[PDB]
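Asker:
Residue numbers (the deposited numbering): -1 to 65, 69 to 230.
In structure tokens form, the structure reads like this:
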């Protein structure tokens, strides 16, 4: 026992990651699996995501926030404020409502937990009220990603956290599609968890392709560092 939380100790090195997502958007059903690893030491994620079942009815960038904030770098001075690591290995439920301005919405429920050596993110996603010739269903989003601040605060009733931020998705005409995120996280386990002060995560993301993958897919590099304390 060496650190503020027991869960923290699980992230000192490279950790394999699995991601399974079951999705319905305006009826169109689809699944995605992803494999890679994260090193929370540097706040770094490497991940490749594969369309397993269905035709992908939405642009890949719209799924990035849905498809493991426990891999965020918390510097030494902020170690009392890492809720995400503290809840491990049992993990946490992560729930969102995602409002795409002038378009539809995603509701997501995910379990993020260790299954053995592997950190695993299991998600259900329902999207509704998307327009047929809109920026999502019309695949009008650039295949790229912006840097964002993710604002975190303690839930003063639930032993968990409330997270708020706004994603900016580039549209290929040079304009921006906003996606407003309302997020809550709650421990799966009964163990004590860290209830943070107000702070944020500084996020950066690179989207690429494997030139040796014929399936519909997204390669993702991510770096996330906690700040604001």
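Heads up, the beta-carbon is just placed ideally off N, CA and C, and yes, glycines get one too.
Tell me the DSSP bridge mates of residue 185?
Answerer: 96 and 163
Asker: Less than 8 Å between the C-beta atoms of residue 170 and residue 142, yes or no?
Answerer: yes
Asker: Quick check on DSSP: helix, strand or coil for residue 31?
Answerer: strand
Asker: What three-state label does DSSP hand residue 191 in the structure shown?
Answerer: coil
Asker: Tell me whether the beta-carbon of residue 69 lies closer than 8 Å to the beta-carbon of residue 15.
Answerer: yes
Asker: Identify every run of the beta strand (DSSP E) within the segment 0 to 31, keeping only runs that are complete inside it and at least 3 residues long; order them along the chain.
Answerer: 13 to 23
Asker: Name the two residues that bound the continuous beta strand (DSSP E) containing residue 114.
Answerer: 106 to 116
Asker: Which of the three DSSP states, helix, strand or coil, is assigned to residue 82?
Answerer: Helix, per DSSP.
Asker: Quick one: measure Cβ to Cβ for residue 162 and residue 72, integer angstroms, because I've assumed they're closer than 8 Å.
Answerer: Actually they are not in contact, since the Cβ atoms of residue 162 and residue 72 sit about 16 Å apart, beyond 8 Å.
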